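Residue numbers (my numbering), protein chains in the order written: chain G, 643 to 1294; chain X, 643 to 1294.
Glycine included, each C-beta is placed from N, C-alpha and C at the ideal position.
In what follows, a single structure is set out as structure tokens and then discussed.
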Ligand SMILES: Cc1cc2nc3c(=O)[nH]c(=O)nc-3n(C[C@H](O)[C@H](O)[C@H](O)COP(=O)(O)OP(=O)(O)OC[C@H]3O[C@@H](n4cnc5c(N)ncnc54)[C@H](O)[C@@H]3O)c2cc1C
Ligand SMILES: Cc1cc2nc3c(=O)[nH]c(=O)nc-3n(C[C@H](O)[C@H](O)[C@H](O)COP(=O)(O)OP(=O)(O)OC[C@H]3O[C@@H](n4cnc5c(N)ncnc54)[C@H](O)[C@@H]3O)c2cc1C
Ligand code: SF4
Ligand code: SF4
Ligand code: SF4
Ligand code: SF4
Ligand code: SF4
Ligand code: SF4
Ligand code: SF4
Ligand code: SF4
Ligand code: SF4
Ligand code: SF4
Ligand code: SF4
Ligand code: SF4
Ligand SMILES: [Fe+3]
């Protein structure tokens, strides 16, 4: 049968129509071979727009549909479901991107944008003619979830999925769950003890009947697709018998190697054999082989003889249906902003280091003290937006929680020592959520915390006393201030965690300009990724506070529970297949596939290649490399792409 | 059985110990009758502290445990689980608050604070002796959910629950779903049309096999408890047969009565027979009997003969297990800030009215025009924080979205008319989330939008031209500005919706100081309420944007899916019960219960009262009002409270 194409040009209100002359593109589409219906509408994805396509498919007997509008990455599934409801196979639908790829980037070149939209429509129509009906492949869903990261976001996802009755696996990189929330003393805007409220959730997730906790473990490999993921978890060796470990801590006293305690942000010193924090879950000790000298002094003191250097990491193979990435964030390193002197001046600290100094279980015993002489500071300055809203460090985003934690920690210091003078150097006070503006009012009115509108130019240390001078313009007075302080606290921003690169490659997910993980859509899908079966939750998706991370943890559980609850999902049949009559078994395709899908086999007395359909992810590398043309990727066949290329210059 | 009490005095590091002499309180606890074990520890909620109680329950055969520490509102579940793990019934545990109620508020009166701690311990020990072992009530869960409000948040909850396989009911007050998002033209920070994200979701929810949509309907009654709610939905009469209606709108072109369109904020004119907006769902019409003259002109053009003036509202009785409140918000009415002249000056508009003016399907055809002469403004001023961060109007909170929508609408006006001059009068620019700070940078750098740091004192109209003058101090220059504008846009804040009072009474939920709905906990249960089985999602819980409302919608689906998935939930046994041997059926208790749990019945030939256990919420009002003493609330019995009162002055 000959193609009967329906072309739809969206205006997207004025997003497309305001730059591209949609009525003119619609008239041009009609001049193309096989195009029998062409219409322009304000919103093609809206009810009237979708009903218009369906009605035309039936009335004009269309076997191809072209929608010139937004990106397929946003509404391709939406229009595929729309055409399928009218009886048209979803793979006979073609998208032409004239918004993100045209109207939004050629706003001052309307005529050339209109001509580009015509060519993009002709290219879409050209490929559409040779598109073929493909059967959406129905695949089963393994009734099991995987959560990567055991912070407040990850713990919430696992608890929600576990409570729903779904088997869940929670992998935590460090020896304990809890994340950065465990490092905080209190939490704004209620000033609740962070661990005193998080600990119950850590306890709950550790003994949940539907949650398998793998602490001090890392996901080293993920293979497959939605509902059929095959994951490899490396249970790292603590070199201490897990079951015989009491958690008393007497073998550390003899260890001669001092390692900076990561949990205390480098202020504290721990041994090669240790426990992250006193309320850690699971409560067990670990040996760090990156700094261990293997002298065996700890083993002599240890009664249980739990210490075993011959311990080997275990690779656990698990099958899951959905994966939730909740690996969190890291604090920005302010060494780069040299004018502030971090790493040079002893009394210049970050806010996360202050959290630890303020924390009762911290290295200073909950006492805020100068690192140069151990004395309590009488005057403190907070410097906002350090590593945020700054093009010089490549971080042009708002870290979201720094205004609030600076005001919170200032209240905690005033509670401990009311005589302390505290000044906050800011640009904008961002107290945007429930009880936040009130917290800001309270900080000034009740605690006497002072606010200076002006981003400091530099910090100068007095080498004789260790005191610091903050140079900044009080923009509200139009005068330069040069106030002296005993301690300067840099309100550092949030950056993706160090392991984010490793996790990105394993899950096959993208990043946003801020370097955090990319959600499928900022409003249509805040916790989904463009990779089916992979979701996000917490700070790893972008800078945010606890309730936002907790809500995202719950949102991810719901979204990841949909495929599990359904028990069946549909996958794109854009896979490679070999034409046995043309393949002479050259073997070029075999090594090109990273999944090992194409394999040489015997057929009709001779050798030929054959693709294991289930192992093909549909990249199109082996068909591109096939020298005989026997290998072809459905939906991206060479002939289809060839006509698309012709479509840019002429009607084919 | 004789009470064997274990008393534990927490130091909370120095939070309690630094004011209260804990060792002295422990010595005093030992002098009380039945106290077998008394110990003081740094952190009672920590692993060593919890294990110390468990070990003592076993080794000293305790049948009562008293913990003198912080608030039960913080660690009551924690210590309940701790004692239950040692075999002790959780209702034989008593909490004494010596931190929030003593050490933290009597810091300068240590001696009196220690004597207060001793009395609080004696009061706890006194009640503890008469505490009894109790068991939780297990109840079934109806496999069905109810969502109130069909905005982006409510639609997301219903779609997620439906996709999970749970039957869901979505009740929408107005004739169409979509909410305030439907009124917006574009949406920050992507500047997508609001329709781009919302319409497909509206279409999906309207034809979902697991979602029953009741548009133009309201919940009039809710009875029961978690997993056993009995709801009454009033399907308001549209006076049109929905199944016969096509939604063509031939009727609207004939109707002679003009009613102000509520959807366009009074700026638009609709007919008696109307459709809220062109992309409305369901695509059906509605007759407003408040303004219909019943001429029957619309019925003559209606082909399928759907119009029926004899339509009566239907009361639908439905049984649900969980309820999600997503009723949204209303825009603040700026008439009260009289210095700005809203409702007095024709060219002073709200931001929500501007959304309708800018919208292509709006009353002005997407043209921003002055309401005094219909001309397009060349100079526009945006006034931030109108009805927010203001004690004079009783709204001391940040409305969260006004900074971003002002910058977004300014970008949109610049796109339609680049010659337009736009100034934004602000205090703090709150662009706190992903891509928000970048959107703010873009507004100034790309669109040339100007920012004036200064909250305007007043707006003065020129009665002769209709132009407005904005009086404000440019705080960054220390000079007073008196710039003239063609249009002044008030960036109005968010307030709870008008129906919020009705919904609050029906669901039995609380409100936070901002008047929005109260979540169970700000940090860990952001979408739950203290009322089991009732959840929140969207702007009705607090001012927030679409990404946050969508994530909350998904978070609520997950949380509301837990009881449904479990199929069984537990209810607290701290309920009222009647002692049949003492009750002579006086009937005083019956009308005191707002849930109607206590009921009169015939037993052994005589009248006696009986409480329906599942219906009791545990307030203790009817036992307090019982004149015979037959009615008692377990855990708060009169004898228990009597001993507690004695405990303040003496032992026992
Ligand atoms: C100084 C400061 C003060 C703050 N104060 C407050 C406050 O008062 N109130 C508030 O609400 N918020 C505050 N915040 C924000 C708060 O820290 C975050 O909201 C919160 O930690 C988010 O939790 P998360 O689970 O998403 O990530 P995280 O807390 O960082 O946890 C991530 C977890 O994943 C693990 N992980 C990382 N990589 C891997 C991997 N490859 N495999 C397995 N596991 C991995 C980590 O070890 C960690 O346990 C503050 C932030 C800072 C920096
Ligand atoms: C001028 C303006 C511009 C904005 N611009 C943006 C933007 O660009 N980007 C962005 O992200 N956010 C923006 N916002 C915020 C955005 O409007 C909200 O985030 C969003 O509408 C919240 O969705 P919701 O469902 O929670 O509330 P709503 O949109 O208000 O939905 C509530 C729904 O419940 C229904 N309802 C009410 N009462 C009852 C009842 N008793 N029974 C049944 N149903 C009921 C209502 O009719 C309504 O349909 C803007 C807000 C304003 C005022
Ligand atoms: S390794 Fe031995 S000494 Fe160290 S905590 Fe474990 S049991 Fe105690
Ligand atoms: S063997 Fe390793 S952990 Fe043990 S004492 Fe020596 S360096 Fe420390
Ligand atoms: S939240 Fe406050 S301190 Fe943090 S980057 Fe944004 S404006 Fe700066
Ligand atoms: S590359 Fe082409 S010809 Fe060679 S073995 Fe593979 S399918 Fe056959
Ligand atoms: S197209 Fe070829 S190389 Fe790519 S995943 Fe499929 S079989 Fe492997
Ligand atoms: S039990 Fe309460 S008072 Fe004692 S350490 Fe814990 S939080 Fe602080
Ligand atoms: S989202 Fe796509 S189809 Fe919908 S109105 Fe915007 S451009 Fe058109
Ligand atoms: S009531 Fe009749 S005329 Fe009006 S839209 Fe419905 S079908 Fe058309
Ligand atoms: S009968 Fe009512 S709805 Fe119909 S045209 Fe007359 S006023 Fe309008
Ligand atoms: S978001 Fe902006 S305009 Fe709105 S109340 Fe907060 S600071 Fe004021
Ligand atoms: S008030 Fe007391 S005595 Fe009277 S009916 Fe109720 S339980 Fe019986
Ligand atoms: S104690 Fe309160 S809720 Fe319970 S039966 Fe009596 S009045 Fe009703
Ligand atoms: Fe505690």
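Query raised in the report: Grouping DSSP H, G and I as helix and E and B as strand, with all else coil, what is residue 859/X?
Result: Correct three-state label for residue 859/X: strand.
**Report entry** Where residue 1189/X meets chain G, residues with beta-carbon distance less than 7 angstroms
**Finding:** The contacting residues are 1164, 1165, 1168.
Query raised in the report: Among the residues of its own chain, which have a CB less than 8 angstroms from the CB of residue 1140/X, if the five just before and after it don't count?
Result: Same-chain partners within the cutoff: 972.
Query raised in the report: So which residues put a beta carbon under 7 angstroms from any heavy atom of ligand 10, going in chain order?
Result: Neighbourhood of ligand 10, defined by CB distance below 7 angstroms to any of its heavy atoms: 882/X, 887/X, 888/X, 889/X, 890/X, 891/X, 892/X, 893/X, 894/X, 915/X, 926/X, 927/X, 940/X, 943/X, 944/X, 945/X, 946/X, 948/X, 949/X, in chain order.
Query raised in the report: Any residues whose CB sits closer than 6 angstroms to a heavy atom of ligand 15? List them in chain order?
Result: Selection output, chain order preserved: 838/G, 687/X, 717/X.
Query raised in the report: How is residue 1108/G classed by DSSP in three states: helix, strand or coil?
Result: If DSSP states are grouped into helix, strand and coil, residue 1108/G belongs with coil.
Report task. Could you please tell me which residues of the region 795-809 of chain G, in chain order, have their CB closer than 7 angstroms to any CB of chain X? Result -> Answer set for the region 795-809 of chain G: 802, 805, 806, 807.
Query raised in the report: From what residue to what residue does the alpha helix (DSSP H) around residue 1282/G run?
Result: From DSSP, the alpha helix (DSSP H) with residue 1282/G extends over 1280-1289.
Report task. Report the rounded CA-to-CA distance for residue 869/G versus residue 1203/G, giving the unit in angstroms. Result -> Rounded to whole angstroms, the gap between the alpha carbons of residue 869/G and residue 1203/G is 11 angstroms.
Report task. Please classify residue 1277/G: does DSSP put it in a helix, a strand, or coil? Result -> Coil, per DSSP.
Query - Residue burial classification, residue 1143/X (beta-carbon count within 10 angstroms, cutoff 16) - result: Burial check for residue 1143/X: the Cβ neighbour count within 10 Å stays below 16, so the residue is exposed.
Query - Contacts of residue 1074/G in chain X (Cβ-Cβ under 8 angstroms) - result: Scanning chain X for C-beta atoms nearer than 8 angstroms to the C-beta of residue 1074/G yields 1040, 1042, 1072, 1074, reported in chain order.
Requested in this report: State the CB to CB distance for the pair residue 1209/G and residue 782/G, rounded to an integer number of angstroms; the pair is presumed to be in contact (CB under 8 angstroms).
Outcome: Right, their Cβ atoms sit about 7 angstroms apart.
Requested in this report: Compute the Euclidean distance between the alpha carbons of residue 934/G and residue 899/G, then round it to the nearest angstrom.
Outcome: Per the coordinates, the alpha-carbon of residue 934/G lies some 7 angstroms from the alpha-carbon of residue 899/G.
Query raised in the report: Out of curiosity, what's the CA-to-CA distance linking residue 687/X and residue 838/G?
Result: Computed Cα separation, rounded: 8 angstroms.
Query raised in the report: In chain X, which residues lie with their C-beta within 7 angstroms of the C-beta of residue 1194/G?
Result: Listed along chain X are 1193, each with a C-beta nearer than 7 angstroms to that of residue 1194/G.
Report task. Would you kindly check if the distance between the Cβ of residue 1026/G and the Cβ of residue 1069/G is under 9 angstroms? Result -> The answer is yes: Cβ separation under 9 angstroms.
Query raised in the report: By the criterion of Cβ-Cβ separation under 8 angstroms, what are the contact partners of residue 839/X in chain G?
Result: Going along chain G in sequence order, the residues near residue 839/X (Cβ under 8 angstroms) are 1163, 1165, 1166.
Query raised in the report: Got a sec? Which residues, its chain only, sit under 8 angstroms from residue 1299/X by beta carbon, not counting five neighbours each side?
Result: There is simply no residue 1299/X to check, as chain X begins at 643 and stops at 1294 in what is shown.
Query raised in the report: Just how far apart, CA to CA, sit residue 1186/G and residue 1194/G?
Result: The alpha-carbon separation between residue 1186/G and residue 1194/G amounts to approximately 10 angstroms.
Query raised in the report: For chain G, is any of its Cβ atoms less than 9 angstroms away from the one on residue 907/X?
Result: False, the Cβ-Cβ gap to chain G never drops below 9 angstroms.
Query raised in the report: ligand 8 heavy atoms versus the CB of residue 655/X: any closer than 8 angstroms?
Result: Yes, the Cβ of residue 655/X comes within 8 angstroms of a heavy atom of ligand 8.
Query raised in the report: Using CA coordinates, which residue listed in 1294/G, 1220/G, 818/G is at the minimum distance from residue 860/G?
Result: Residue 818/G holds the alpha-carbon nearest to the alpha-carbon of residue 860/G among 1294/G, 1220/G, 818/G.
Query raised in the report: If we count Cβ pairs, one from each stretch, closer than 8 angstroms, do we get three or more for the region 739-752 of chain G versus the region 1261-1274 of chain G?
Result: These segments do not touch.
Query raised in the report: Among residues of its own chain, excluding the 5 on either side of residue 1285/G, which ones have a beta-carbon nearer than 7 angstroms to its beta-carbon?
Result: Around residue 1285/G: 768, 769, 771, 772, 1294.
Query - Beta-carbon gap between residue 1199/G and residue 802/G smaller than 9 angstroms - result: Their beta carbons are under 9 angstroms apart, which means residue 1199/G touches residue 802/G by this criterion.
**Report entry** Cβ-heavy atom distance, residue 1196/G to ligand 6, below 8 angstroms
**Finding:** Because no heavy atom of ligand 6 lies under 8 angstroms away, the Cβ of residue 1196/G does not count as near it: no.
Query raised in the report: Can you find a C-beta in chain G that's less than 9 angstroms from the C-beta of residue 1201/X?
Result: Taking 9 angstroms as the CB threshold, residue 1201/X lines the interface with chain G.
Query raised in the report: How about residue 971/G: is its Cβ closer than 8 angstroms to a heavy atom in ligand 1?
Result: Checking the Cβ of residue 971/G against ligand 1 gives yes.
Query raised in the report: Would you say residue 752/X faces chain G, with C-beta separation under 9 angstroms as the test?
Result: No, because no Cβ of chain G sits closer than 9 angstroms to the Cβ of residue 752/X.
Requested in this report: Return the chain-ordered list of same chain residues with a C-beta closer than 6 angstroms to the C-beta of residue 730/G, the five sequence neighbours on each side being excluded.
Outcome: Around residue 730/G: 699.
**Report entry** Neighbour list for residue 835/X in chain G, Cβ cutoff strictly below 7 angstroms
**Finding:** What residue 835/X touches in chain G: 654, 655, 657, 685.
Query - Any 3 or more C-beta pairs closer than 8 angstroms across the region 975-986 of chain X and the region 792-809 of chain X - result: Short answer: they don't touch.
Query raised in the report: Exposed or buried, what is residue 937/G when buried is set at 16 or more other beta-carbons lying within 10 Å of its beta-carbon?
Result: A residue is called buried when at least 16 other Cβ atoms come within 10 angstroms of its Cβ; residue 937/G does not meet this threshold and is exposed.
Query - 8 angstroms contact criterion, which residue 618/X and residue 1065/X should meet: CB distance rounded - result: No answer is possible for residue 618/X: the residues shown for chain X start at 643 and end at 1294.
Query raised in the report: Closer than 9 angstroms, CB to CB, is residue 974/G near chain B or not?
Result: Judged by its chain identifiers, the structure shown contains no chain B, and its protein chains are G and X.
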